[PDB]
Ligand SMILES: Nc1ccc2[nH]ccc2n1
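In the block that follows, a single chain appears as structure tokens, in the form deposited without 1H-pyrrolo[3,2-b]pyridin-5-amine (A1H4L).
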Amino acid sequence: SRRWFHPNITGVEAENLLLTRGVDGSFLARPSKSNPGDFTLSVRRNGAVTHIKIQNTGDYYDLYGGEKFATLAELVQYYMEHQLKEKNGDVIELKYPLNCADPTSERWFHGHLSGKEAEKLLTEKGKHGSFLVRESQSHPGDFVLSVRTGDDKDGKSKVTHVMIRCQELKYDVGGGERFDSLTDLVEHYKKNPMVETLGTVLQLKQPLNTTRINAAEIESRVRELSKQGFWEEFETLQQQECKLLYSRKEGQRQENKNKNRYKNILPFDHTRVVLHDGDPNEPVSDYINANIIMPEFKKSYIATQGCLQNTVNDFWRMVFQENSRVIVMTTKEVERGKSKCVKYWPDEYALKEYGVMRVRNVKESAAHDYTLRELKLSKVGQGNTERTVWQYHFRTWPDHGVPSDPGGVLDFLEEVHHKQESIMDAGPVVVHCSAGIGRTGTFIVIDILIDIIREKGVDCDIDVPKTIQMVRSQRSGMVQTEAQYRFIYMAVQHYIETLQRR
């Protein structure tokens, strides 16, 4: 599904792969592994190889001479069904993904790991059908598939080790088919499980979970990941984004095209915020580029983009309808001279109408990292509909990368949390600006994780990539970069430490 991404290939290796194993229309994507959030799309055309840069500074994937995308999988899906051009404007066709054989980004691949370590991990964390593949230590170059089976409710469970031989670049389990990569082998024995002579089915149901940690042991995990293990954990997460190609048909409708900041960054249909009670004289009045984010799908969120001038009225309709009482903005109005979050609220002490909605800005309060605006929102003609909406505008996030210290983000989220908790029956917290996926995804995930710790204490389990994958199933590409990924771990660590300091 995403075998076209090669995490460990060089540019020359990419050319040699396309020229020797590809044809015209063959393509792959790869990182620039030194430089953060640089990728290359390498494409064979007329017997030569073109390299197209994709940049991600934290907000979206920006394909040079193309469009902006929420994930590389959504990028590849878009051009494999459509549009891509060179500097000189010639069409570059993405026809044939050139598949990677490298197992390092697979959830089940542990690399160097002994049989006793694999048994201990499968014993402590595994259940029936949990498996992993590890390098062989007795027969170098070969591999071992280790699988737990049993009763998950004293000998009722066991671990089986199946030897995987590598013989001339192909892989086998001692007989039958010979596979071009470990992934093909694992996929085959996932669909067609091995059976032991005496009948046990070696069911490959789920990879062994290695990312769930006790929150108390965050500092140790961050230490191991900083030896660089954050990269591999992040790329293993990125590999699974091909499971999240959910439909975005509503956002693609002609009537909704100009309601999106970027034409291809769109809300999933199954989680989009549907706007009711619109003008009956607008044919399509139900659409905003926003998704409900419900953790492990009390506190929920709406993740959305910065307004366009023609969606400000819809944004207020959304806040009103959903009963939201707290807004987080993740960008300044302008960064690098470019509009990142258009002003949609009145000046301090002023009152404005935004279609059927009326907003008063009661008071602004400046703090070091943010500005708070106390807004009163009501429906025109209906005085008794008024409610206070507290807008927390984060203003110190750097123009590129992530904050060097998570303290400001954490203090801000602590205040936002208490505000939300103080208001009976407050609806979801709105988090937005830019495309509403990078910084927005980062703030939401931190907030989710820190809320578990706040209620359960240091002695509770957290799983950073599993949480992110759960949020990415509700809006495309929530958490854009490895720098934001590492920043989430750092924020959880700093939160745990400040709570041990008190």
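A residue's number is simply how far along the shown sequence it sits, counting from 1. Basically, rigid core = biggest C-alpha set you can superpose within 1.5 Å across the two forms.
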* **Higher-deviation stretch (C-alpha RMS, rigid core fit) in 5 other deposited structures of this protein, choosing from 338 to 346 and 414 to 422** => 338 to 346
* Structure fact -> Core-aligned CA RMS in 5 other deposited structures of this protein: between 436 to 444 and 456 to 464 the higher one is 456 to 464
* To do: State whether residue 281, though modelled here, is left unmodelled in a third or more of the other entries compared.
  => yes
* **Cross-entry absence of residue 297, a third or more of other PDB entries** => yes
* **Between residue 153 and residue 154 - deposited residues without coordinates, as a size class** => 4 to 9
* With respect to the deposited sequence, how many residues separating residue 297 from residue 298 are not represented by coordinates: none, 1 to 3, 4 to 9, or 10 or more? -> 4 to 9
* Asked: Looking at the deposited entry, does 487 to 495 or 6 to 14 carry the larger mean Cα B-factor?
  -> 6 to 14
* Would you tell me which stretch averages the higher CA B-factor in the PDB entry, 376 to 384 or 207 to 215? => 207 to 215
* Of 200, 323, 238, 313, which one's C-alpha B factor is largest in the deposited record? -> 200
* Asked: If you compare 119, 369, 364, 415, which has the highest Cα B-factor in the entry?
  -> 119
* Ranked C-alpha temperature factor of residue 456 among modelled chain residues, by third -> highest
* Third of the chain's Cα B-factor distribution that residue 476 belongs to, per the entry -> lowest
* Please place residue 306 in the lowest, middle or highest third of its chain by C-alpha B factor as given in the entry. => lowest
* Ranked by Cα temperature factor within the chain, is residue 29 in the lowest third, the middle third or the highest third? -> middle
* Structure fact -> residue 160: C-alpha B-factor third of its chain, per the entry, is the highest
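Form deposited with 1H-pyrrolo[3,2-b]pyridin-5-amine (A1H4L) bound: not shown, discussed below.
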* Asked: With the partner left out here, if you bring back 1H-pyrrolo[3,2-b]pyridin-5-amine (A1H4L) in the bound PDB entry, are 143, 177 and 184 all within 4.5 Å of it by some heavy atom?
  -> no
* The single option of 339, 420, 239, 324 touching 1H-pyrrolo[3,2-b]pyridin-5-amine (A1H4L) in the bound PDB entry, heavy atom within 4.5 Å -> 239
* Between the options 312, 159, 72, 164, which residue brings a heavy atom to within 4.5 Å of 1H-pyrrolo[3,2-b]pyridin-5-amine (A1H4L) in the bound PDB entry? -> 72
* Asked: For the chain seen here without its partner, which of 168 to 176, 230 to 238, 422 to 430, 279 to 287 has a heavy atom within 4.5 Å of 1H-pyrrolo[3,2-b]pyridin-5-amine (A1H4L) in the bound PDB entry?
  -> 230 to 238
* residue 495, heavy atom within 4.5 angstroms of 1H-pyrrolo[3,2-b]pyridin-5-amine (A1H4L) in the bound PDB entry -> no
* Contact test in the bound PDB entry: residue 27 vs 1H-pyrrolo[3,2-b]pyridin-5-amine (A1H4L), heavy atoms, 4.5 Å -> no
* Asked: Just to confirm, residue 60 within 4.5 Å of 1H-pyrrolo[3,2-b]pyridin-5-amine (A1H4L) in the bound PDB entry by heavy atoms?
  -> no
